[PDB]
Amino acid sequence: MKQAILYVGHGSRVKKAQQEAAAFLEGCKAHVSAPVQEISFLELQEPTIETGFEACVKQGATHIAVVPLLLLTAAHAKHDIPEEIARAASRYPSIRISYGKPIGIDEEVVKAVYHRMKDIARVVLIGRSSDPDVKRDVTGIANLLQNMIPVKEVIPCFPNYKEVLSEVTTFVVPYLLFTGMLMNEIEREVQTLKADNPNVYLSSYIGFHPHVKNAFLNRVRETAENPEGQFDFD
Ligand SMILES: [Co+2]
Ligand SMILES: [Co+2]
């Protein structure tokens with residue numbers, strides 16, 4: 001037996017984001033017991049999932065745990081990544097594959113939100129959607145945050161955040177792993193809003209806070225352990 005982890009990030013055009021994601025995934029390697037560990041990206045960034053999967057096989061992996069670096073379960077986790085993995089599986093039929101879940105609702109991510117907020121009551125949680133599983137997840141996370149600290153309310157916007165801002169101290173927490181255009185838009189809209197309401201405060205994005213890392217590594221470990229084959233990928 002020789003276990004591999006294939007990490008799958010979203011990928012990005014933005015230099016800083018490429019750096020944050022690649023340093024983050026390289027940092028994870030020292031925290032995971034598997035002898036073969038490879039990084040790949042769904043879009044824009046090298047290596048691709050194809051190359052990453054191939055890199056694991058080259059290194060003699062018998063088993064590959066594919067773990068998506070995503071905060072939520074929607075099209076990427078449910079459709080795009082597994083269809084790219086199935087191409088790989090057809091190329092390498094004797095590899096046993098397991099496939100993990102996005103972070104989702106995990107009290108560790110809530111701890112990251114607290115920490116980002118503590119770098120500065122209601123909370124406005126801004127993130128990425130038509131998929132209902134995203135509605136469930138973000139509502140879940142808002143309810144955990146709402147009860148883990150003494151805030152008045154938490155309002156997810158996954159509702160157009162622009163309009164929620166147009167409508168008591170308010171924290172705006174971007175529920176995003178990395179920076180980019182959306183983050184630049186939010187930064188701009190809050191910036192303008194501050195002139196109209198001075199009790200609005202924008203935190204940095206959750207990013208790769210150590211509590212996010214904890215949450216991710218819990219995903220990695222359950223996927224690689226694959227209890228009762230529940231993470232088996234066909
Ligand atoms: Co995307
Ligand atoms: Co399809």
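For reference, positions follow the sequence shown, starting with 1. Whatever order the structure lists ligands and atoms in, that order sets their numbers, starting from 1. No hydrogens, no waters, no symmetry mates; every other heavy atom, side chains included, goes into these values.
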Checking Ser203 side chain against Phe171 main chain: does a donor-acceptor pair fall under 3.5 Å?
no
Can you count the protein N/O/S atoms lying under 2.8 Å from the Co ion (ligand 1), leaving waters out?
2
State whether the number of non-hydrogen atoms from other residues, nucleotides or ligands found under 6.0 Å of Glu46 atom CD is greater than 12.
no
N/O donor-acceptor pair under 3.5 Å between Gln18 side chain and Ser12 backbone
yes
Vertex the Co ion (ligand 2), rays to OE1 in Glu83 and NE2 in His79 - rounded to 10°:
80°
Please check this pair: side chain of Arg219 against backbone of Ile103, looking for a donor-acceptor N/O pair closer than 3.5 Å.
yes
Under 3.5 Å, is there a donor-acceptor pair between the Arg122 and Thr170 side chains?
yes
Does a salt bridge link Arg96 with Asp232, judged by any charged N lying under 4.0 Å from a carboxylate O?
no
